[PDB]
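See below for the structure under consideration.
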Amino acid sequence: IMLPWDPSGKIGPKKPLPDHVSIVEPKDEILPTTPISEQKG
Amino acid sequence: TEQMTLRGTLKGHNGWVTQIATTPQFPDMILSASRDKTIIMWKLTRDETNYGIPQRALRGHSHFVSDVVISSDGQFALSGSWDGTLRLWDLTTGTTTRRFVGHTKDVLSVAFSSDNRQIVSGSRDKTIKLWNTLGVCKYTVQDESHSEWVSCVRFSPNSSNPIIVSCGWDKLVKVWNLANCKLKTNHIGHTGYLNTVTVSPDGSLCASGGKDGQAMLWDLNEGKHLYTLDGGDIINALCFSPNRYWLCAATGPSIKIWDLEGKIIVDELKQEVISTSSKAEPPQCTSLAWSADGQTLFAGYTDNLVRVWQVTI
Amino acid sequence: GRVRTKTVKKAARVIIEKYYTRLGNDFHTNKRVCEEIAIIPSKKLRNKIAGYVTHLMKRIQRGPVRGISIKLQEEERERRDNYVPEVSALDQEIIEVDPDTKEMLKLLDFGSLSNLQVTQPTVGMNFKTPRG
Amino acid sequence: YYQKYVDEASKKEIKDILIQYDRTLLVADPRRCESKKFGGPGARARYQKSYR
RNA sequence: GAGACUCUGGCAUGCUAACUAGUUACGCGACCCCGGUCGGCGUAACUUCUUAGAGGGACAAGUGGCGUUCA
Ligand SMILES: [Mg+2]
């Protein structure tokens with residue numbers, strides 16, 4: 001019987017499956033157009 | 001009314017030159033790393049027979065040599081490696097006196113005080129460690145830190161202004177006050193990651209290069225950006241000459257020394273014999289450092305080769 | 001033989017396709033990128049990912065790939081299509097026309113046209129492809 | 001000794017004369033003695049199939 | 001399923017460290033011609049060696065042809 005993965009680690013490993021690559025979608029990144037300042041501190 | 005020229009070359013590497021470190025006290029002495037684990041300690045004869053001869057070899061790094069730096073005094077040099085740590089090499093006997101262990105991640109920057117007394121070391125873990133010469137981490141910031149990464153930090157040669165600039169892979173040229181020890185200014189506007197930052201001999205303007213392949217000038221008379229001259233190809237290293245009002249810049253295959261009086265490129269000096277002109281990479285320039293007077297420039301390249309570029313006139 | 005698995009390859013295409021800019025050609029640097037941005041449990045997995053991610057970045061830096069829709073390519077297509085020459089090729093000062101289209105237009109309403117030329121008949125009957 | 005406590009040109013000249021004579025001096029012999037394995041009378045053989 | 005994984009080998013003069021591990025500095029003693037030798041004796045720190053936990057470490061990294069210059 002193949003047991004399910006669980007971060008709890010009671011029944012199995014903390015580790016994700018070594019094959020299973022849960023790949024997340026990249027965040028919306030803004031390229032800064034002008035050099036500018038907000039000088040403080 | 002002057003032009004650079006290849007005075008000589010230091011042929012002594014198997015892998016390519018990750019970083020080369022210079023010192024103003026001894027002009028005929030350069031300490032150069034490679035992809036292999038060594039750091040070759042050259043002796044620059046500059047004679048008819050050979051330009052340089054390997055004097056010592058600072059063997060110690062477990063794996064590939066990332067960064068190496070020499071102090072302004074020149075008898076010692078601290079190097080950093082993928083072990084995480086750095087090693088204070090005694091450059092005469094060519095061996096470590098004191099090893100700086102402490103950094104959690106790759107040490108991408110290290111900086112002496114103007115006194116060459118205090119040491120500060122920056123790594124990709126959101127920390128800035130600060131030490132004395134006796135070698136104790138007096139304080140580091142871990143919880144109170146950046147959301148992103150701090151790839152490099154450097155010092156201002158001017159002693160009266162205790163200021164350090166820091167580039168990174170977040171594309172932000174940060175500026176910190178050593179007195180306040182909190183950032184003076186961030187500078188959003190830069191697309192692409194920054195490689196190197198350097199300050200001018202006068203201490204008025206300072207160049208900055210990065211992924212853009214652009215020499216973005218910040219002002220030291222007033223902490224303000226002024227204007228940018230395009231290095232073009234990835235700027236792997238930059239360095240100001242002390243005697244001249246020059247900006248040396250590693251721009252891809254060749255070196256570029258711009259003038260600030262008239263904002264215009266003068267010339268790019270590429271060797272004609274380029275071998276990889278057939279579905280091959282050309283030799284991209286990775287590092288540079290001016291000599292004490294600024295008449296010789298040591299430049300380390302991706303073709304496992306350190307060319308020196310003397311000013312003729 | 002050092003060949004990439006589908007878990008290796010798909011990961012490299014996802015890495016270059018999502019963060020082409022962060023990535024580069026050299027393994028050991030863009031490795032630092034891959035370990036930071038992506039949490040790879042094994043060092044072997046990390047390093048393999050990085051080495052195929054590097055060589056692939058050089059492939060794209062060399063040129064455009066066939067079976068993938070890059071957003072940059074979408075922008076250049078919008079740019080190229082908006083490329084317009086000075087004049088259209090269709091605008092012509094004189095248009096050649098055959099005698100059948102002359103006869104057919106003359107029977108139709110559109111008899112006289114200013115810029116037409118009922119050209120000569122194609123003499124020399126050799127149009128069929130040889131047999132055998 | 002010459003690379004460490006004196007100048008390195010001696011290390012390269014010695015090392016190069018060595019490279020120009022013979023590469024085994026530098027390329028290590030990784031070779032080591034292989035163990036006999038269960039399932040046979042010898043080292044590689046798996047057990048003797050015996051007709052008859 | 002292969003691969004992946006786990007363990008082992010290896011790069012770590014780096015982190016953490018040890019009179020049930022030793023160490024480097026010397027000196028003595030018998031003899032041989034000042035020293036050399038000795039599991040004969042003494043001077044402390046440390047972990048280079050030793051032992052083993054945590055981390056870290058190399059990846060087709062370089063090039064040529066060939067190939068959608070892709071794999
Ligand atoms: Mg398998």
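How things are named: the first chain in the structure tokens is A, the next is B, and so on; residues count from 1 in each chain; ligands count from 1 in the order shown.
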Exercise for the section: Report as a list in words which protein, DNA and RNA residues come within 6 Å of ligand 1, using only C-alpha atoms (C1' of nucleotides) and all ligand atoms. Expected result: residues 2, 3 and 4 of chain E
Keeping only N, CA, C and O atoms (P, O5', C5', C4', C3', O3' and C1' of nucleotides), write those residues as a PDB file, in the first residue's frame.
```pdb
ATOM      1  P     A E   2      13.204   1.088 -11.367  1.00  0.00           P
ATOM      2  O5'   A E   2      13.813   1.752 -12.681  1.00  0.00           O
ATOM      3  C5'   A E   2      14.535   0.926 -13.580  1.00  0.00           C
ATOM      4  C4'   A E   2      15.211   1.682 -14.704  1.00  0.00           C
ATOM      5  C3'   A E   2      16.030   2.911 -14.361  1.00  0.00           C
ATOM      6  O3'   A E   2      17.352   2.608 -13.960  1.00  0.00           O
ATOM      7  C1'   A E   2      14.576   3.435 -16.119  1.00  0.00           C
ATOM      8  P     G E   3      17.956   3.247 -12.618  1.00  0.00           P
ATOM      9  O5'   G E   3      17.833   4.804 -12.884  1.00  0.00           O
ATOM     10  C5'   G E   3      18.701   5.498 -13.761  1.00  0.00           C
ATOM     11  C4'   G E   3      18.068   6.812 -14.082  1.00  0.00           C
ATOM     12  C3'   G E   3      17.985   7.763 -12.899  1.00  0.00           C
ATOM     13  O3'   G E   3      19.148   8.518 -12.607  1.00  0.00           O
ATOM     14  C1'   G E   3      15.891   7.623 -13.920  1.00  0.00           C
ATOM     15  P     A E   4      19.729   8.599 -11.109  1.00  0.00           P
ATOM     16  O5'   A E   4      18.563   9.315 -10.291  1.00  0.00           O
ATOM     17  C5'   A E   4      18.137  10.630 -10.590  1.00  0.00           C
ATOM     18  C4'   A E   4      16.818  10.968  -9.915  1.00  0.00           C
ATOM     19  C3'   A E   4      16.758  10.849  -8.391  1.00  0.00           C
ATOM     20  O3'   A E   4      17.274  12.001  -7.743  1.00  0.00           O
ATOM     21  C1'   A E   4      14.866   9.787  -9.316  1.00  0.00           C
TER      22        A E   4
END
```
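Excluding residue B:242 itself and same-chain residues fewer than 6 positions from it, the residues having an atom within 12 Å of it are residues 24, 157, 198, 199, 200, 201, 202, 203, 248, 289, 290, 291, 292, 293, 294, 295, 296 and 297 of chain B, counting only C-alpha atoms (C1' of nucleotides).
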Any chance you could export the current selection's N, CA and C atoms as a CSV table (one decimal), in the first residue's frame?
```csv
chain,number,residue,atom,x,y,z
B,24,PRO,N,47.8,49.0,-4.4
B,24,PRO,CA,48.6,50.2,-4.8
B,24,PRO,C,50.1,50.2,-4.3
B,157,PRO,N,36.3,55.8,-1.4
B,157,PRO,CA,37.7,56.2,-1.1
B,157,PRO,C,37.8,57.4,-0.2
B,198,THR,N,31.8,51.7,-9.0
B,198,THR,CA,33.1,52.4,-8.7
B,198,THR,C,33.0,53.9,-8.6
B,199,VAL,N,33.8,54.5,-7.7
B,199,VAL,CA,33.8,56.0,-7.5
B,199,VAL,C,35.0,56.6,-8.2
B,200,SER,N,34.8,57.9,-8.6
B,200,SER,CA,35.8,58.6,-9.3
B,200,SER,C,37.0,59.1,-8.4
B,201,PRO,N,38.1,59.4,-9.0
B,201,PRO,CA,39.2,59.9,-8.2
B,201,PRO,C,38.9,61.2,-7.4
B,202,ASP,N,38.2,62.1,-8.1
B,202,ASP,CA,37.8,63.4,-7.5
B,202,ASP,C,36.8,63.2,-6.4
B,203,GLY,N,35.9,62.3,-6.5
B,203,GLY,CA,34.9,62.1,-5.5
B,203,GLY,C,33.7,62.9,-5.7
B,248,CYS,N,37.4,53.2,-16.6
B,248,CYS,CA,37.6,52.0,-17.3
B,248,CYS,C,36.5,51.1,-17.1
B,289,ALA,N,41.2,46.1,-12.9
B,289,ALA,CA,41.7,46.9,-11.8
B,289,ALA,C,42.8,47.8,-12.3
B,290,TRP,N,42.8,49.0,-12.0
B,290,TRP,CA,43.9,49.9,-12.3
B,290,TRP,C,45.1,49.8,-11.3
B,291,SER,N,46.3,50.1,-11.8
B,291,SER,CA,47.5,50.1,-11.0
B,291,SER,C,47.4,51.3,-10.0
B,292,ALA,N,48.5,51.5,-9.2
B,292,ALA,CA,48.6,52.6,-8.3
B,292,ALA,C,48.5,53.9,-9.0
B,293,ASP,N,49.4,54.2,-10.0
B,293,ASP,CA,49.4,55.4,-10.7
B,293,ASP,C,48.3,55.5,-11.7
B,294,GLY,N,47.8,54.3,-12.2
B,294,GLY,CA,46.8,54.3,-13.2
B,294,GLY,C,47.3,54.3,-14.6
B,295,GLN,N,48.6,53.9,-14.8
B,295,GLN,CA,49.2,53.7,-16.1
B,295,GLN,C,49.1,52.3,-16.7
B,296,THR,N,48.9,51.3,-15.8
B,296,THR,CA,48.7,50.0,-16.2
B,296,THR,C,47.3,49.5,-15.7
B,297,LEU,N,46.6,48.7,-16.5
B,297,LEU,CA,45.3,48.2,-16.0
B,297,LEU,C,45.4,46.7,-16.2
```
Practice task
Skip stretch 1-18 of chain A itself and residues of its chain fewer than 5 positions away, then list as a count of residues only all residues within 10 Å of it, counting only C-alpha atoms (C1' of nucleotides).
Solution key: 6
Practice task
Return the neighbours of chain C among the residues of chain A, cut-off 8 Å, counting only C-alpha atoms, as JSON, numbers by chain.
Solution key: {"A": [19, 21, 25, 26]}
Exercise for the section: Extract the full set of strand (DSSP E) residues from stretch 19-154 of chain B according to DSSP on the backbone, and format it as a VMD selection string. Expected result: chain B and resid 20 to 21 31 to 33 39 to 44 52 to 57 67 to 70 76 to 80 86 to 90 95 to 100 107 to 112 119 to 123 127 to 131 137 to 139 154
Okay, now the selection with C-alpha atoms, as a short mmCIF file (atom, residue, chain, number, x, y, z; two decimals), in the first residue's frame?
```cif
data_model
loop_
_atom_site.label_atom_id
_atom_site.label_comp_id
_atom_site.auth_asym_id
_atom_site.auth_seq_id
_atom_site.Cartn_x
_atom_site.Cartn_y
_atom_site.Cartn_z
CA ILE B 20 41.74 39.29 -9.82
CA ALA B 21 42.90 41.51 -6.96
CA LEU B 31 46.90 37.94 -7.20
CA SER B 32 44.53 36.12 -9.64
CA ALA B 33 41.80 33.44 -9.18
CA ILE B 39 44.85 31.60 -6.73
CA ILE B 40 48.05 32.20 -8.68
CA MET B 41 50.38 34.77 -7.08
CA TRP B 42 52.19 36.35 -9.99
CA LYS B 43 55.39 38.43 -10.06
CA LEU B 44 55.20 41.09 -12.80
CA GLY B 52 54.94 37.84 -15.43
CA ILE B 53 56.09 34.70 -13.64
CA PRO B 54 54.13 32.63 -11.08
CA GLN B 55 55.79 33.27 -7.73
CA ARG B 56 53.37 31.56 -5.30
CA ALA B 57 50.07 29.70 -5.38
CA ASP B 67 36.28 36.27 -5.44
CA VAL B 68 39.69 37.55 -4.25
CA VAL B 69 40.69 41.01 -2.91
CA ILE B 70 43.93 42.67 -1.72
CA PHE B 76 47.86 40.61 2.89
CA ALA B 77 44.79 39.69 0.89
CA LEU B 78 41.40 38.31 1.86
CA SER B 79 39.70 35.94 -0.59
CA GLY B 80 36.20 34.49 -0.62
CA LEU B 86 37.11 33.88 3.41
CA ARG B 87 40.83 33.42 4.05
CA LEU B 88 43.39 36.12 4.95
CA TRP B 89 46.39 35.07 2.86
CA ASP B 90 49.83 36.32 3.98
CA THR B 95 49.66 31.44 3.33
CA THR B 96 46.72 32.16 5.63
CA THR B 97 47.31 33.90 8.96
CA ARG B 98 43.61 34.37 9.87
CA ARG B 99 40.54 32.76 8.33
CA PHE B 100 37.19 34.55 8.48
CA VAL B 107 30.29 35.96 0.35
CA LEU B 108 29.85 38.32 -2.54
CA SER B 109 31.38 41.30 -0.86
CA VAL B 110 33.90 42.32 1.77
CA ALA B 111 35.00 45.78 2.66
CA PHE B 112 37.75 47.33 4.72
CA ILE B 119 35.99 44.36 8.14
CA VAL B 120 32.41 44.07 6.90
CA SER B 121 31.17 41.20 4.77
CA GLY B 122 27.96 40.86 2.77
CA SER B 123 26.35 37.64 1.59
CA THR B 127 22.64 39.71 6.55
CA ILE B 128 25.58 42.15 6.75
CA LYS B 129 28.23 40.92 9.19
CA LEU B 130 30.48 43.47 10.92
CA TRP B 131 33.88 42.62 12.49
CA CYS B 137 31.21 39.34 14.36
CA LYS B 138 30.00 42.24 16.48
CA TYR B 139 26.73 42.60 14.75
CA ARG B 154 31.74 48.59 -1.62
#
```
Handout entry: Close residues, residue B:300 itself excluded, 12 Å, only C-alpha atoms (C1' of nucleotides), min 3 positions apart in chain, as JSON, numbers by chain
Key = {"B": [9, 10, 11, 12, 13, 15, 16, 17, 18, 19, 20, 21, 22, 30, 31, 32, 33, 34, 236, 237, 238, 249, 250, 252, 253, 254, 255, 283, 284, 285, 286, 287, 288, 289, 290, 297, 303, 304, 305, 306, 307, 308, 309]}
Save out the residues we just selected, C-alpha atoms, as a CSV table (one decimal), in the first residue's frame.
```
chain,number,residue,atom,x,y,z
B,9,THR,CA,49.6,39.1,-20.7
B,10,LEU,CA,49.7,36.7,-17.7
B,11,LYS,CA,49.3,33.2,-19.2
B,12,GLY,CA,48.8,30.8,-16.3
B,13,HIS,CA,45.3,29.5,-15.9
B,15,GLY,CA,39.8,27.7,-15.9
B,16,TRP,CA,38.6,31.2,-16.4
B,17,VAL,CA,39.4,34.0,-14.1
B,18,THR,CA,36.6,34.7,-11.6
B,19,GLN,CA,38.3,37.7,-9.9
B,20,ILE,CA,41.7,39.3,-9.8
B,21,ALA,CA,42.9,41.5,-7.0
B,22,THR,CA,45.4,44.4,-7.1
B,30,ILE,CA,48.9,40.7,-8.9
B,31,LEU,CA,46.9,37.9,-7.2
B,32,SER,CA,44.5,36.1,-9.6
B,33,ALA,CA,41.8,33.4,-9.2
B,34,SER,CA,40.4,30.9,-11.7
B,236,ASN,CA,31.4,42.4,-15.6
B,237,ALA,CA,33.7,44.9,-14.0
B,238,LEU,CA,34.4,48.7,-13.8
B,249,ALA,CA,34.9,49.5,-18.1
B,250,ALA,CA,34.8,45.9,-19.1
B,252,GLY,CA,32.1,42.4,-23.4
B,253,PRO,CA,35.0,41.5,-25.6
B,254,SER,CA,37.1,44.6,-24.9
B,255,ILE,CA,37.8,47.4,-22.4
B,283,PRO,CA,36.3,36.4,-25.0
B,284,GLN,CA,34.0,38.4,-22.7
B,285,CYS,CA,35.8,40.7,-20.3
B,286,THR,CA,35.1,39.8,-16.6
B,287,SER,CA,37.3,41.9,-14.3
B,288,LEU,CA,39.6,44.8,-14.1
B,289,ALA,CA,41.7,46.9,-11.8
B,290,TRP,CA,43.9,49.9,-12.3
B,297,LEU,CA,45.3,48.2,-16.0
B,303,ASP,CA,39.4,33.2,-22.0
B,304,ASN,CA,41.5,32.3,-19.0
B,305,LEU,CA,43.8,35.3,-19.7
B,306,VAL,CA,44.8,38.4,-17.8
B,307,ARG,CA,45.7,41.2,-20.3
B,308,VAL,CA,47.4,44.3,-19.1
B,309,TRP,CA,46.6,47.6,-20.8
```
Using only C-alpha atoms (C1' of nucleotides) and a cut-off of 10 Å, which residues of chain E sit close to chain C? Please list them as a PDB file with N, CA, C and O atoms (P, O5', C5', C4', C3', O3' and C1' of nucleotides), in the first residue's frame.
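Ended up saving to part.pdb:
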```pdb
ATOM      1  P     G E   3      17.956   3.247 -12.618  1.00  0.00           P
ATOM      2  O5'   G E   3      17.833   4.804 -12.884  1.00  0.00           O
ATOM      3  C5'   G E   3      18.701   5.498 -13.761  1.00  0.00           C
ATOM      4  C4'   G E   3      18.068   6.812 -14.082  1.00  0.00           C
ATOM      5  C3'   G E   3      17.985   7.763 -12.899  1.00  0.00           C
ATOM      6  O3'   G E   3      19.148   8.518 -12.607  1.00  0.00           O
ATOM      7  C1'   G E   3      15.891   7.623 -13.920  1.00  0.00           C
ATOM      8  P     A E   4      19.729   8.599 -11.109  1.00  0.00           P
ATOM      9  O5'   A E   4      18.563   9.315 -10.291  1.00  0.00           O
ATOM     10  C5'   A E   4      18.137  10.630 -10.590  1.00  0.00           C
ATOM     11  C4'   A E   4      16.818  10.968  -9.915  1.00  0.00           C
ATOM     12  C3'   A E   4      16.758  10.849  -8.391  1.00  0.00           C
ATOM     13  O3'   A E   4      17.274  12.001  -7.743  1.00  0.00           O
ATOM     14  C1'   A E   4      14.866   9.787  -9.316  1.00  0.00           C
ATOM     15  P     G E  57      26.647  24.579  -2.809  1.00  0.00           P
ATOM     16  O5'   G E  57      27.836  23.626  -3.310  1.00  0.00           O
ATOM     17  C5'   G E  57      29.162  24.134  -3.396  1.00  0.00           C
ATOM     18  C4'   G E  57      30.208  23.102  -3.764  1.00  0.00           C
ATOM     19  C3'   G E  57      29.999  22.289  -5.035  1.00  0.00           C
ATOM     20  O3'   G E  57      30.441  23.005  -6.182  1.00  0.00           O
ATOM     21  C1'   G E  57      30.586  20.832  -3.281  1.00  0.00           C
ATOM     22  P     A E  58      29.459  23.355  -7.397  1.00  0.00           P
ATOM     23  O5'   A E  58      29.319  21.976  -8.167  1.00  0.00           O
ATOM     24  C5'   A E  58      28.119  21.635  -8.827  1.00  0.00           C
ATOM     25  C4'   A E  58      28.325  20.567  -9.860  1.00  0.00           C
ATOM     26  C3'   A E  58      28.605  19.184  -9.285  1.00  0.00           C
ATOM     27  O3'   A E  58      28.072  18.164 -10.125  1.00  0.00           O
ATOM     28  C1'   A E  58      30.390  19.848 -10.680  1.00  0.00           C
ATOM     29  P     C E  59      26.537  17.739  -9.974  1.00  0.00           P
ATOM     30  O5'   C E  59      25.879  18.626 -11.105  1.00  0.00           O
ATOM     31  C5'   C E  59      26.074  18.347 -12.483  1.00  0.00           C
ATOM     32  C4'   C E  59      26.079  19.624 -13.279  1.00  0.00           C
ATOM     33  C3'   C E  59      26.365  19.501 -14.771  1.00  0.00           C
ATOM     34  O3'   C E  59      25.169  19.243 -15.493  1.00  0.00           O
ATOM     35  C1'   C E  59      27.611  21.296 -13.780  1.00  0.00           C
ATOM     36  P     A E  60      24.878  17.858 -16.260  1.00  0.00           P
ATOM     37  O5'   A E  60      25.932  17.845 -17.442  1.00  0.00           O
ATOM     38  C5'   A E  60      25.791  18.788 -18.497  1.00  0.00           C
ATOM     39  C4'   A E  60      27.061  19.572 -18.708  1.00  0.00           C
ATOM     40  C3'   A E  60      26.974  20.709 -19.704  1.00  0.00           C
ATOM     41  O3'   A E  60      27.867  21.750 -19.344  1.00  0.00           O
ATOM     42  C1'   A E  60      28.507  19.091 -20.497  1.00  0.00           C
ATOM     43  P     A E  61      27.282  23.145 -18.825  1.00  0.00           P
ATOM     44  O5'   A E  61      28.594  23.956 -18.415  1.00  0.00           O
ATOM     45  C5'   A E  61      28.690  24.919 -17.368  1.00  0.00           C
ATOM     46  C4'   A E  61      30.122  25.334 -17.256  1.00  0.00           C
ATOM     47  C3'   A E  61      30.757  25.472 -18.628  1.00  0.00           C
ATOM     48  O3'   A E  61      30.492  26.712 -19.241  1.00  0.00           O
ATOM     49  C1'   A E  61      32.070  24.042 -17.341  1.00  0.00           C
ATOM     50  P     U E  68      19.390  20.956 -40.113  1.00  0.00           P
ATOM     51  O5'   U E  68      18.293  21.902 -39.479  1.00  0.00           O
ATOM     52  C5'   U E  68      18.647  22.686 -38.362  1.00  0.00           C
ATOM     53  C4'   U E  68      17.805  23.912 -38.226  1.00  0.00           C
ATOM     54  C3'   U E  68      17.972  24.580 -36.874  1.00  0.00           C
ATOM     55  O3'   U E  68      17.891  25.993 -37.043  1.00  0.00           O
ATOM     56  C1'   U E  68      15.734  23.900 -37.137  1.00  0.00           C
ATOM     57  P     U E  69      19.200  26.840 -37.440  1.00  0.00           P
ATOM     58  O5'   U E  69      19.666  27.439 -36.043  1.00  0.00           O
ATOM     59  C5'   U E  69      19.403  26.735 -34.836  1.00  0.00           C
ATOM     60  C4'   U E  69      20.641  26.095 -34.280  1.00  0.00           C
ATOM     61  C3'   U E  69      21.640  27.086 -33.701  1.00  0.00           C
ATOM     62  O3'   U E  69      22.114  26.550 -32.480  1.00  0.00           O
ATOM     63  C1'   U E  69      22.728  25.643 -35.217  1.00  0.00           C
ATOM     64  P     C E  70      21.416  26.959 -31.107  1.00  0.00           P
ATOM     65  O5'   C E  70      20.091  26.077 -31.062  1.00  0.00           O
ATOM     66  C5'   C E  70      20.200  24.685 -30.796  1.00  0.00           C
ATOM     67  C4'   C E  70      18.870  24.055 -30.459  1.00  0.00           C
ATOM     68  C3'   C E  70      18.955  22.711 -29.756  1.00  0.00           C
ATOM     69  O3'   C E  70      19.122  23.048 -28.397  1.00  0.00           O
ATOM     70  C1'   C E  70      17.224  22.675 -31.401  1.00  0.00           C
ATOM     71  P     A E  71      20.259  22.445 -27.451  1.00  0.00           P
ATOM     72  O5'   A E  71      19.733  20.979 -27.204  1.00  0.00           O
ATOM     73  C5'   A E  71      18.585  20.784 -26.390  1.00  0.00           C
ATOM     74  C4'   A E  71      18.057  19.424 -26.623  1.00  0.00           C
ATOM     75  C3'   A E  71      19.112  18.389 -26.375  1.00  0.00           C
ATOM     76  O3'   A E  71      19.267  18.149 -24.990  1.00  0.00           O
ATOM     77  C1'   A E  71      18.064  17.977 -28.439  1.00  0.00           C
TER      78        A E  71
END
```
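Non-sequential neighbours of residue D:46 (distance at most 12 Å, separation of 6 or more positions within a chain, only C-alpha atoms (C1' of nucleotides)) are residues 36, 37, 38, 39 and 40 of chain D.
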Problem - Which residue of D:13, D:34, D:22, D:8 approaches chain B most closely, using only C-alpha atoms - result: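 Residue with the minimum atom-to-atom distance to chain B: D:8.
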Produce a table with one row for each residue of chain D that has an atom at most 8 Å from any atom of chain B, each row naming the nearest atom pair and its distance in Å at one decimal; use only C-alpha atoms; arrange rows by chain and rising residue number; format as a Markdown table.
```
| residue | atom | partner | partner_atom | distance |
| --- | --- | --- | --- | --- |
| D:3 | CA | B:56 | CA | 6.0 |
| D:4 | CA | B:56 | CA | 6.3 |
| D:5 | CA | B:93 | CA | 7.0 |
| D:6 | CA | B:56 | CA | 7.1 |
| D:7 | CA | B:55 | CA | 4.0 |
| D:8 | CA | B:55 | CA | 4.3 |
| D:9 | CA | B:54 | CA | 5.5 |
```
Atoms kept (N, CA and C atoms) for selection, written as a tab-separated table (two decimals), in the first residue's frame:
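Result file result.tsv:
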```tsv
chain	number	residue	atom	x	y	z
D	3	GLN	N	56.60	25.11	-5.20
D	3	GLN	CA	55.40	25.93	-5.35
D	3	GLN	C	55.04	26.68	-4.08
D	4	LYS	N	55.33	26.09	-2.93
D	4	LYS	CA	54.90	26.61	-1.64
D	4	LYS	C	55.90	27.56	-1.00
D	5	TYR	N	57.14	27.13	-0.80
D	5	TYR	CA	58.02	27.93	0.03
D	5	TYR	C	58.96	28.82	-0.76
D	6	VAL	N	59.09	28.60	-2.06
D	6	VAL	CA	59.78	29.49	-2.97
D	6	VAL	C	58.88	29.81	-4.17
D	7	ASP	N	59.46	30.55	-5.11
D	7	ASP	CA	58.76	30.99	-6.31
D	7	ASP	C	58.19	29.82	-7.14
D	8	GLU	N	57.03	30.07	-7.77
D	8	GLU	CA	56.24	29.10	-8.56
D	8	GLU	C	56.78	28.74	-9.94
D	9	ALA	N	57.68	29.53	-10.52
D	9	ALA	CA	58.24	29.12	-11.81
D	9	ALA	C	58.94	27.78	-11.70
```
Practice task
Kindly provide, as a VMD selection string, the residues of chain B having any atom no farther than 8 Å from an atom of chain E, counting only C-alpha atoms (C1' of nucleotides).
Solution key: chain B and resid 60 to 63 82 to 85 101 to 102 280
Would you output that residue set with N, CA and C atoms, as a JSON list (two decimals), in the first residue's frame?
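The new file result08.json reads:
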```
[["chain", "number", "residue", "atom", "x", "y", "z"],
["B", 60, "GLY", "N", 44.04, 26.14, -1.17],
["B", 60, "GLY", "CA", 43.23, 26.04, 0.03],
["B", 60, "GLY", "C", 41.75, 25.87, -0.23],
["B", 61, "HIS", "N", 41.22, 26.58, -1.21],
["B", 61, "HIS", "CA", 39.80, 26.51, -1.49],
["B", 61, "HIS", "C", 39.45, 25.10, -1.93],
["B", 62, "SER", "N", 38.34, 24.58, -1.39],
["B", 62, "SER", "CA", 37.93, 23.22, -1.73],
["B", 62, "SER", "C", 37.53, 23.08, -3.18],
["B", 63, "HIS", "N", 36.90, 24.11, -3.73],
["B", 63, "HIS", "CA", 36.29, 24.03, -5.04],
["B", 63, "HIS", "C", 36.66, 25.32, -5.77],
["B", 82, "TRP", "N", 33.39, 29.53, -2.44],
["B", 82, "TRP", "CA", 32.09, 28.89, -2.32],
["B", 82, "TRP", "C", 31.97, 28.08, -1.05],
["B", 83, "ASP", "N", 33.08, 27.83, -0.36],
["B", 83, "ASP", "CA", 32.95, 27.25, 0.96],
["B", 83, "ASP", "C", 32.01, 28.13, 1.77],
["B", 84, "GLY", "N", 32.03, 29.45, 1.53],
["B", 84, "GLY", "CA", 31.18, 30.40, 2.21],
["B", 84, "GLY", "C", 32.06, 31.42, 2.86],
["B", 85, "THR", "N", 33.17, 30.89, 3.34],
["B", 85, "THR", "CA", 34.18, 31.58, 4.10],
["B", 85, "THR", "C", 35.15, 32.38, 3.24],
["B", 101, "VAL", "N", 35.57, 32.94, 9.18],
["B", 101, "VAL", "CA", 34.51, 31.96, 9.13],
["B", 101, "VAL", "C", 33.32, 32.62, 9.79],
["B", 102, "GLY", "N", 32.15, 32.46, 9.19],
["B", 102, "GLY", "CA", 30.99, 33.07, 9.79],
["B", 102, "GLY", "C", 29.87, 33.23, 8.79],
["B", 280, "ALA", "N", 31.11, 30.38, -32.08],
["B", 280, "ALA", "CA", 31.90, 30.29, -30.85],
["B", 280, "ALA", "C", 31.75, 31.55, -30.02]]
```
Handout entry: Counting only C-alpha atoms, chain B residues within 12 Å of chain C, as a PyMOL selection string
Key = chain B and resi 16+18+35+63-66+82+105-106+108+124-125+148-149+151+169-171+191-194+211-212+234+279-281+284+302
Completion exercise
Atom pair atom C1' of residue E:26 + atom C1' of residue E:43, distance 8.3 Å
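For the set B:146, B:7, B:182, B:270, the residue with the smallest atom-to-atom gap to chain A is B:182, counting only C-alpha atoms.
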Problem - Straight-line distance linking atom CA of residue D:29 with atom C1' of residue E:48, stated in Å to one decimal - result: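 Interatomic distance, atom CA of residue D:29 to atom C1' of residue E:48: 26.2 Å.
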Practice task
Would you work out the distance separating atom CA of residue B:246 from atom CA of residue B:222, expressed in Å to one decimal?
Solution key: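 Value for the atom CA of residue B:246-atom CA of residue B:222 distance: 19.9 Å.
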